[PDB]
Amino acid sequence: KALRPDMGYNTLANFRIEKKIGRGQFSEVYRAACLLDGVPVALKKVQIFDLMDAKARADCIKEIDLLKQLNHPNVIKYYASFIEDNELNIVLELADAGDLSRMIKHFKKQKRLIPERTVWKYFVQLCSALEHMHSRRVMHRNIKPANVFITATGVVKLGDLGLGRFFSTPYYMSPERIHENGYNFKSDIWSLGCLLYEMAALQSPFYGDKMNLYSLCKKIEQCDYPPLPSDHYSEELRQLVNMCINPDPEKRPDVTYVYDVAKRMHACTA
């Protein structure tokens, strides 16, 4: 099909698909380049007709409409969404950045810890991102190290694809997932708490080895995680983690509060 510059990012003719890089319940994801400007992008084809009922389709369209309105230094961009060839086509940023997963297993090999000062540098940006998202009534739904990208310069980008430009049972299970299959805005806070623990501890709070799913549910119920070392990490980091990893969603702080703490701690640690 022939180029149509008037359409910009809103037609498949302006993209060359490279390879499939992902399959989901409802979607396939590709690496593509825009033909107008040569920018590498992720192209998510969602079967809103062939794989969803009417309720799923409408809710998914509403959600993508909100996501492509976000405009924040620390969020992976949704560049476009349009219907063509009977699918919802979503064009997303692939960032020139490593995922926090990679950085974590790096420090692990080198038997070193991320100093509290760097942790706050990264965590304040994630919190800035999530505050932006919750202010437009958008839940993230999969906060994990694989979805957090860090640039050359140390700017954080939160995505939901787990795919950078160059390198690539949900990861942190909440009590409300275990018990009621529920996910709300406070479920993002739970995950954010677990990610702050993982940056300091270099492993998930509910990690273990053998690990029955049943043992993993028992530990989550009791919030039974190894305490962080009080010699390496302030009481205010360890407390923020404890407030976030709370079995009751209602008792977890809102992201405004977590962002405010991250901002005070960035300020007094830099």
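Counting begins at 1, following the sequence as shown.
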In the deposited sequence, how many residues between residue 168 and residue 169 have no modelled coordinates (none, 1 to 3, 4 to 9, 10 or more)? 10 or more
Please work out which of 86-94 and 104-112 has the higher mean CA B-factor as recorded in the PDB entry. 104-112
Tell me which stretch has the larger mean Cα B-factor in this entry, 144-152 or 184-192. 144-152
Maximum C-alpha temperature factor per the entry, among 211, 244, 67, 42, belongs to which one? 211
For residue 204, return the chain-relative third of its C-alpha B-factor as stated in the PDB record: lowest, middle or highest. lowest
Chain third (lowest, middle, highest) by recorded CA B-factor, residue given as residue 76: lowest
Residue 128's Cα B-factor: lowest, middle or highest third of the chain? lowest
Taking the entry's C-alpha B-factors for this chain, is residue 252 in the lowest, middle or highest third? lowest
Can you work out whether the C-alpha temperature factor of residue 119 puts it in the lowest, middle or highest third of the chain? middle
